[PDB]
Every structure is written in C-alpha cells, then in structure tokens.
Amino acid sequence: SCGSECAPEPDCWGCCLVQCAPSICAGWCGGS
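Listed as the method for this PDB entry is solution NMR.

This structure appears in the PDB under the title "NMR solution structure of the pheromone Ep-1 from Euplotes petzi".

Encoded structure:
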C-alpha cells in the first residue's frame, strides 16, 4: 500500500523504504 511514486529509480529502495516495506519496494524495482 504505497503511492507508486517511489517506483522511478533504478534503486526504488532508496525512496520506498522510508514509507514502505521491502515487500513493496521489491515490486517497484524488479517486480517480486
């Protein structure tokens, strides 16, 4: 459950992990 806004980066982790879990960021960087 996130804004899909910390998806752009080659390392989305470095945006998503401040407000979301590794489960979420795993889906935005690579995709599971």
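Caption draft 1: Region of the structure containing the nonpolar core. Among the nonpolar cores identified, the biggest contains five residues, and these are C6, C12, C16, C20 and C25. In contact with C6, other than residues within four places in its own chain, are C12, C15, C16, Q19 and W28.

Caption draft 2: Representation of the state of the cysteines in the model. Counted according to the given criterion, the structure contains four disulfides. Each sulfur in the disulfide pair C12 and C29 lies 2.0 Å from the other. The sign of the -125 degrees torsion about the S-S bond sets the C12-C29 disulfide as left-handed. Taken together, the positions of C12 in the segment before α1 (13-16) and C29 in helix α2 (residues 22-29) put the pair 17 residues apart, joining distant regions of the chain. Residue classification places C12 among the buried positions, given a relative accessible area of 0%. The disulfide that involves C16 links it to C25, with 2.0 Å between the sulfurs. Linking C16 and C25, the disulfide has an S-S dihedral of approximately -85 degrees and is accordingly described as left-handed. The two residues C16 and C25 agree in class, both being buried.

What counts, and where the lines are drawn
- Residues numbered from 1 in each chain as written, not as in the entry; some residues may be left out.
- Heavy atoms only, no water.
- Core = buried A, V, L, I, M, F, W, Y, C linked by side-chain atoms within 4.5 Å.
- Buried < 20%, exposed > 50% of the residue type's maximum accessible area, 1.4 Å probe, protein only.
- Contact = heavy atoms within 4.5 Å.
- Disulfide = S-S within 2.5 Å.
- Helix = DSSP H or I, 4+ residues; strand = E, 2+ residues; numbered from the N terminus.

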